[PDB]
Each structure stands twice: as structure tokens, then as C-alpha cells.
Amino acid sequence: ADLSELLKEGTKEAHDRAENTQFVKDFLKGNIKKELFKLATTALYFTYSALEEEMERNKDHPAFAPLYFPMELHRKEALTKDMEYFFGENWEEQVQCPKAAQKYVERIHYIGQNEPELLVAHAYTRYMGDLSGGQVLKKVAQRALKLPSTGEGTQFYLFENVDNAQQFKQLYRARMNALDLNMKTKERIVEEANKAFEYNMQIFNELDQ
């Protein structure tokens, strides 16, 4: 069967779990304050920094190269602008990676340096999710926090180099389904994706407290 299908079905439970967390529900209803949003943004910065470091490291690797999309997808530069907006120019001195997020970062670096064929598990749970929910989540944050309408603080949510999200998202699935993979390697990818959903759930719970 198709990897994209195995992932849609084999991660539906862990997807709904992390999606039904208290943080996500409070966010959708406009009930997240600035400092808490700054903490959540800090966590995204170190997470995407880690993942994109490993994607660059494996940009030539046959089990990942077709999905290397630095211009279309990478978020580190956008998240840097948002950190600059929320904390000022010396923001790096002002923040530390949260404990649950550091555990996820370690797992990203381990996968990128030892089992690169599973990197697609972490890319698929991140950017494909990010691509669809971007505009909806951008709007609620701008309103809740009264952010400038020139976009400062929400650049993470804008994929400036992707003309049509729906068309790119189709092209990405097709590339993923065309990766030369036996049925064993495929199932490891679904399990690593469930692991990723679990890490993101633990990051959300840490933010709730």
C-alpha cells in the first residue's frame, strides 16, 4: 500500500490525541497570552532548527533527497524573525529550549545521524500539517495578541515561496510514495511518526502547566 495511506491511517490515533490537548484547544479559542505564545514559539524554533539541520545533512541521501525543499518549506528563518519580534535583537540570550522539546531535538539528531530513512516520518508530521493549518492559526494569533498587521510575529505560518499549498502538498505525497522502500522500512516510518506525535504531545503538555 501507499506510504501516505499507511501514515494517514496508522497515525490517526496519535494525531487526534495531540490535537485534543488542552493547549491546542485553548489556542483555537483565542485564549493564549503573549508570554505563553512566546514559550510555544521558542519550542518551535529549536525543533525546526534541529529538523532542518538534519534535512540539510541528508540532502543527498537516496532515502530522503526527493523531499528536500529548503526554499518551499524551511521555517528556521521565519521563526528567527518572530523571535526577533517578540524578544528583541538579543533574543538568543533570553531563551532556553524547554525540557520536553530538548528530548525531541535529541531524537531528531539521532534519527538524522543514524537512521536517515526515517527522517521523512518527522518531516511529514511537521510541514504537511503546517502547510494546511497555517492561515487559520495565523489569524487567531494576530487577533488574540493584537499583532501588527504587517505580519510581525506570525511569519512561521506563511509559506511565502509556495504558490498553491494544495498543489505542492500533492507533489510531496507523490514523491514520498515513490521512494524505493520495502514493506518493513515503511512500517518503521509509521511508528517513528507516532513517536513524533508523542513528542509533540509532551511539548504541548509542558506548555499547559
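Quick note: we count residues from 1 along the sequence shown, nothing fancier.
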Name the higher of the two by mean Cα B-factor in the PDB entry, 81-89 versus 125-133.
125-133
Mind pulling up the entry and telling me whether 158-166 or 33-41 has the higher mean Cα temperature factor?
158-166
When the CA B-factors of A174, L28, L67, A50 are compared as recorded in the entry, which is the largest?
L28
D180: CA B-factor among chain residues, third -> highest
Tell me, lowest, middle or highest third: where does the Cα B factor of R75 rank within its chain?
lowest
Ranked by Cα temperature factor within the chain, is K139 in the lowest third, the middle third or the highest third?
highest
